[PDB]
Amino acid sequence: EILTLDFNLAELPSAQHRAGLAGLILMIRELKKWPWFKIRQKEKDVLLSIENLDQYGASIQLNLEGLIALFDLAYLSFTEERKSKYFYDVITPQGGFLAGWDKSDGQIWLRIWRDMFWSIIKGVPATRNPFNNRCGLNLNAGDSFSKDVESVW
DNA sequence: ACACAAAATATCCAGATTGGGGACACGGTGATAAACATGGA
């Protein structure tokens, strides 16, 4: 189906509420700049359109497939191997649009952001339950997850 | 027992010299613990 949402910045009580709006706008724009997103739109009829973009208000329209694609991009994770200084691997999220803008030497700035994300915001195992299962998937292979999307939808 | 008078001018230091030589710490350590919050069937 089609689901439409509208939001205003004059009623949000927390700054993080306002920050999330810009974050999701950037995520949608990053989706709009990926060929595989257009391939998904052509095949599964993915709907994700920003209607109103002004100083105060915001509007969005999306379907189930668009939400699934957004979740796949945002919650993409991979596996990294670490050696003590007897081997151990650590699951690390991809980072979303951060990889698309980080051109620094070795993406060391990305490393700091990834460490904080797993370490504090995601200290609860909940990131790991969601993050580890998601990890290692291939977008080009059509891999997707929708068990959690149904509850959110 | 009466009265009168009770000091005046010159001068009050000159030279040479006021420290020198050596040294201003050595080692060992610079806290240790206990006091949780969210998920799926």
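Residues numbered from 1 in each chain as written, not as in the entry; some residues may be left out. Chains lettered and ligands numbered in written order. Part of a larger assembly, values for the part shown. Heavy atoms only, no water.

Q: Is there a simple way to think about helix 5 (residues 108-121) in this case?
A: Side chains that are three or four residues apart share a direction in an α-helix, a result of its 3.6 residues per turn. Across its 14 residues, helix 5 extends 20 Å between first and last C-alpha, which sits within 8% of the 20 Å expected from 1.5 Å per residue. Buried within helix 5 are the following residues: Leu 110, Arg 114, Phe 117 and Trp 118. Buried positions in helix 5, seen along its axis, are confined to an arc of 85° and lie on one side of it. Facing away from the buried side of helix 5 by over 90 degrees, the exposed positions are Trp 109, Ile 112, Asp 115 and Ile 120. Lining the buried residues of helix 5 we find strand 4 (77-83), strand 5 (87-93), helix 4 (98-101) and helix 6 (128-134). (Helix = DSSP H or I, 4+ residues; strand = E, 2+ residues; numbered from the N terminus. Expected span 1.5 Å × (residues − 1). Buried < 20%, exposed > 50% of the residue type's maximum accessible area, 1.4 Å probe, protein only. Arc of directions from axis to C-beta. Contact = heavy atoms within 4.5 Å.)

Q: How should I be thinking about the packing of aromatic side chains in this particular structure?
A: Given two aromatic rings, one states the distance between the centres and the angle between the planes to describe the pair. For the structure shown, the criterion picks out five aromatic pairs. Consider the rings of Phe 97 and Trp 101, whose centres lie 4.9 Å apart with planes at 90°: the pair is edge-to-face. Its relative accessible area of 16% is what places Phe 97 among the buried residues. In this structure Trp 101 comes out as exposed when scored by relative accessible area, which is 52%. Site record: aromatic cluster; members linked through ring pairs are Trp 113, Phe 117, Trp 118 and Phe 131. Positioned over the ring face of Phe 87 is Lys 83, at 4.4 Å from the centre of the ring. (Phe/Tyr/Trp six-rings, centres within 6.5 Å; stacked < 30°, edge-to-face > 60°. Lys NZ or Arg CZ within 6 Å of the ring centre and 35° of its normal.)

Q: Teacher, can you tell me more about the sheet that holds strand 2 (residues 48-49) here?
A: Backbone-to-backbone hydrogen bonds pair the strands of a sheet. The strands run either parallel or antiparallel. Taken in spatial order, the three strands make up an open sheet running 1-3-2, and their pairing is antiparallel. Edge positions in the sheet fall to strand 1 (3-8) and strand 2, since each of these pairs with one other strand and no more. In the sheet, strand 1 pairs with strand 3 (residues 57-62) via six bridges, with the strands oriented antiparallel. When the sheet's bridge partners are listed, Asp 6 is paired in strand 3 with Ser 59. (Pairing = 2+ DSSP bridges.)

All quantities given are derived from atomic positions and should not be read as evidence of function.
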